[PDB]
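Okay, so here's the structure we're looking at.
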Amino acid sequence: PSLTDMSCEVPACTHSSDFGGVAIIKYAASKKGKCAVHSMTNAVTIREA
Amino acid sequence: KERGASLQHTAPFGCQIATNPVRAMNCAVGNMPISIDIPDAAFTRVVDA
């Protein structure tokens, strides 16, 4: 699957050191399937792989 | 015979006066601070709203 037209917003964030932030990302997928998710900065760790 | 008006009729701030026990009620004077401890279960997450 390939995604386009992506946008990101963060309804809430707390730097609690316990996954205190949640990001909502809108996407247009070319087709059904699975995608890997990775942070491009060490500053932010994402729980979902 | 010479009692005059009672406090429920003369009191400032619209106070109501009653006895047994002696009470001043609903005097519209000053402020009343309130502190509420609200449990985590009472709150809905932003992302769930």
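In the structure tokens, chains take the letters A, B, ... in the order shown, each chain's residues start at 1, and ligands count up from 1 in the order shown.
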query = Which residues in chain B does DSSP call alpha helix (DSSP H)? List them as a ChimeraX atom specification.
reply = /B:7-10
Using C-alpha atoms, can you write the selected residues to a file as a PDB file, in the first residue's frame?
```pdb
ATOM      1  CA  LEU B   7     -33.779  40.370  62.909  1.00  0.00           C
ATOM      2  CA  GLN B   8     -35.506  38.374  60.171  1.00  0.00           C
ATOM      3  CA  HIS B   9     -37.088  41.691  59.245  1.00  0.00           C
ATOM      4  CA  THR B  10     -34.179  44.073  59.897  1.00  0.00           C
TER       5      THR B  10
END
```
Quick one: which chain B residues come within 12 Å of chain A, and what is the nearest atom pair for each with the distance in Å to one decimal, counting only C-alpha atoms, rows ordered by chain and ascending number, as a tab-separated table?
```
residue	atom	partner	partner_atom	distance
B:45	CA	A:12	CA	8.8
B:46	CA	A:11	CA	6.3
B:47	CA	A:11	CA	6.2
B:48	CA	A:11	CA	9.8
B:49	CA	A:11	CA	9.8
```
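Note that DSSP on the backbone gives strand (DSSP E or B) to these residues of chain B: residues 16, 17, 18, 23, 24 and 25 of chain B.
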key: Shell around residue 28 in chain A at 8 Å using only C-alpha atoms, local window under 3 positions removed, as a list in words   = residues 3, 4, 5 and 6 of chain A
key: Close residues, residue 47 in chain A itself excluded, 12 Å, only C-alpha atoms, min 4 positions apart in chain, as JSON, numbers by chain   = {"A": [17, 18, 19, 20, 21, 22, 23, 36, 37, 38, 39]}
